[PDB]
Amino acid sequence: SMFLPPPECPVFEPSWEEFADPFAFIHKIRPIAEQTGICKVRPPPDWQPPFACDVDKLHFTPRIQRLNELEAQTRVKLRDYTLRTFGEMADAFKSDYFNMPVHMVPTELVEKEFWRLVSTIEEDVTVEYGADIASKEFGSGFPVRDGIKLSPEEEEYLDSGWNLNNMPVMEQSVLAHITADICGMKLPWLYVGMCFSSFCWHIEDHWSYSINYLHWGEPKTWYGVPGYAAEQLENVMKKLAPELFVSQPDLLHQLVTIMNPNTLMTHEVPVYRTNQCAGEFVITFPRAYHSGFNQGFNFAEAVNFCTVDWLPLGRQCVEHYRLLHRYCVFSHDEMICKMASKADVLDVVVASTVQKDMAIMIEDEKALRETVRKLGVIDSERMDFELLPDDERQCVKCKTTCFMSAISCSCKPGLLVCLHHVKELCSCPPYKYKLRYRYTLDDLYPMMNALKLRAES
Ligand SMILES: Cc1cccc2c1[C@@H](N)C(=O)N2
Ligand SMILES: [Cl-]
Ligand SMILES: [Mn+2]
Ligand SMILES: [Mn+2]
Ligand SMILES: [Zn+2]
């Protein structure tokens, strides 16, 4: 009645042995957690990263949020509070809203109340929050390196796999090997919460994993949907709020919304919940929709990552983006080829999985090139796509980031289409077209062979 909490998501308590390697651990829980989309990970009791900061010297620009269900909000873009003044505002808000000591409101009640107030148009509650990548004004909650002497305890956690700053540059996240500037994806985001500040339903760019660590404060309440129910959820969303689905003019205009999990559960979409408390991790799996809100003043840090498991999903995702005409954050094929070009220094399990994705890439590329030849495109020239800014190598039709090949035409200088959209570039006859390609098929097979040798198969 009014609000029925979804079932709880898995909670894992790894021993220090299991916890040592995050990628091994994530792989182990994967068959369980991917059925629920999110899961929680409680570190061993003696895993306490040192959090220390001056609350008066950390400052940030607050973002403002209206709280209406099904109302469109924009995904956060890449006034001023200090952490102390925000904290004071946030505690006062919650304390005044409930007329209770700010830390005495039951989590059950805030949740019930959150879903009441987002559904009631008579109640125009607005809240504020912080969201940004680390900077000089507000840095990572985890120990980093620079011109400040670290204690032996901080040095212990400097190189932890669970220090989210390390997640990008680690040798089991294929995002590490990307040389392209994708700071939005590789760098951790910092989130300063207050009561009811919320993140709308979304999945991660390129269907990556995400991992969220609650450093300090009141809990963060989560809802998660498993990857297999993604399109099921999207169907429901289109039905009740189709306005969210009109084509986005940019990646800076992605529309997302708050929507009651009971509404989803009513339409047979599986939904799980959890309250993430301070010192706990939440992990989201590929294409797992998730949303949530903060119980009160808190501080979280989150980062994207991609394991070898993800590679085939990454390819499927870029295909899905093409159908939707959605912009890519990076070129997936460019990443695969970058890794192939470094086959000798690759982890051997990585090499093996990259090899299989590369084989699919090459076979798809072979067929596409045969098709455009049959359309009468004859002229061709090698082109170093990776040197072009992304906005200079998107298919004018489906907006995909080109890398393996594209079609150009002297009639339309600087414009390109991917090989799926040869007809869409201009009205000139195809013999005026040019296939621009990064590699010949003859360059590609040896790159794939290097992977095979490194995989030792
Ligand atoms: C504010 C915001 C936006 C998008 C994702 C996330 C947040 C956070 N409050 C959080 O923890 N994840
Ligand atoms: Cl409202
Ligand atoms: Mn308190
Ligand atoms: Mn997310
Ligand atoms: Zn295209």
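Definitions and limits used
- Residues numbered from 1 in each chain as written, not as in the entry; some residues may be left out.
- Chains lettered and ligands numbered in written order.
- Heavy atoms only, no water.
- Residues with missing side-chain atoms left out of burial classes, pairs and counts.
- Near = heavy atom within 4 Å.
- Polar contact = N/O pair within 3.5 Å; in protein donor to acceptor, adjacent residues only side chain to side chain.
- Areas by Shrake-Rupley, 256 points an atom, 1.4 Å probe, with all protein chains shown as cover.
- Nonpolar A, V, L, I, M, F, W, Y, C, P; charged D, E, K, R; others polar.
- Pairing = 2+ DSSP bridges.
- Helix = DSSP H or I, 4+ residues; strand = E, 2+ residues; numbered from the N terminus.
- Axes fitted to C-alpha atoms, helices over the stretch in contact; angles between N-to-C directions.
- Patch = residues over 30% accessible without salt bridge, like charges linked within 9 Å, V, L, I, M, F, W, Y side chains within 5 Å.
- Salt bridge = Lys/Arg side-chain N within 4 Å of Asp/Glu carboxyl O.
- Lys, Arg positive; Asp, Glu negative; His and termini not counted.
- Charge placed at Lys NZ, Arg CZ, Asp CG, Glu CD.
- Buried < 20%, exposed > 50% of the residue type's maximum accessible area, 1.4 Å probe, protein only.
- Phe/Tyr/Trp six-rings, centres within 6.5 Å; stacked < 30°, edge-to-face > 60°.
- Donors = N, O, S within 2.8 Å, 3.2 Å for Na, K, Ca; no water.
- Tetrahedral: all angles 85-135°; square planar, octahedral: opposite > 155°, others 65-115°.
- Domains from an automatic or database assignment.
- Contact = heavy atoms within 4.5 Å.

(A) Broad picture of the site of ligand 1. Close to ligand 1 lie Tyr-129, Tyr-191, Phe-199, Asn-212, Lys-220 and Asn-294, which account for all nearby residues. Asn-212 has a polar side-chain atom sitting 3.0 Å from an oxygen atom of ligand 1. At 2.8 Å, a side-chain N or O of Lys-220 approaches an oxygen atom of ligand 1. Burial of ligand 1 by the protein chains amounts to 86% of its free accessible area of 310 Å². Residue composition of the shell around ligand 1, grouped by class: three nonpolar, two polar and one charged.

(B) Highlighting the sheet that holds strand β9 (residues 198–202). The four strands are arranged β9-β15-β11-β13 in an open sheet whose pairing can be described as antiparallel. Each edge of the open sheet is held by one strand with a lone partner, namely β9 and β13 (272–276). Averaged over all neighbouring strand pairs, the angle between strand axes comes to 15°, with direction disregarded. Direction of pairing for strand β11 (residues 220–224) relative to strand β15 (residues 290–294): antiparallel, over a ladder of five bridges. Paired with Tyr-223 across the bridge in β15 is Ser-291.

(C) Molecular detail of a negative patch on the surface. A cluster of acidic side chains, namely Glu-319, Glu-363, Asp-364 and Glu-370, defines a negative patch on the protein surface. With three residues, the single largest contributor to the negative patch is helix α11 (residues 348–374). Structurally, the position occupied by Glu-319 is in helix α9 (residues 311–324). Take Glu-319: its relative accessible area is 43%, and that puts it in the partly exposed class.

(D) Region of the structure containing the packing of aromatic side chains. Applying the stated criterion across every chain, the model contains 37 aromatic pairs. Note on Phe-199 and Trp-222: the rings are 4.9 Å apart at their centroids and 65° apart in plane angle, and the pair reads as edge-to-face. Placement of the pair is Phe-199 in strand β9 and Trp-222 in strand β11, with a sequence separation of 23 residues. An identical accessibility class is assigned to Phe-199 and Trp-222; each is buried.

(E) Seen up close, the coordination of the zinc ion (ligand 5). Every protein donor of the zinc ion (ligand 5) is listed here as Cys-395 (SG), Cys-398 (SG), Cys-418 (SG) and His-421 (ND1), and their distances to the metal cover 2.1 to 2.4 Å. Between the four donor atoms coordinating the zinc ion (ligand 5), the angles at the centre fall across 97 to 119°, so the site counts as tetrahedral. Motif for the zinc ion (ligand 5), donor spacing along one chain: C-x2-C-x19-C-x2-H. As far as burial versus exposure is concerned, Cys-418 and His-421 are alike and both buried.

(F) Spotlight on the domain arrangement of the chain. With domains assigned, the chain is organised as domain 1 (1–328) and domain 2 (329–457). The C-alpha centroid of domain 2 is placed 34 Å from the C-alpha centroid of domain 1. Counting residues at the interface gives 23 residues for domain 1 and 26 residues for domain 2. Tallying contributions element by element places α9 first for the side of domain 1 that touches domain 2, with six residues.

(G) Broad picture of the environment of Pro-6. Mapped onto the fold, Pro-6 is located in the segment before β1 (11–12). When the C-alpha atoms of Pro-6 and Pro-43 are compared, they prove to be 24 Å apart, with 37 residues separating the residues in sequence. Apart from the residues lying within four places of it in its own chain, the contact partners of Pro-6 are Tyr-223, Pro-261, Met-265, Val-271, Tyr-272 and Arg-273.

(H) Representation of the pairing of strand β19 (residues 433–437) within the structure. The element β19 is largely enclosed, with a buried count of four among its five residues. With five bridges connecting them, strand β18 (residues 405–409) and β19 associate as antiparallel partners. Note on β19: the bridge partner recorded for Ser-405 is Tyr-437.

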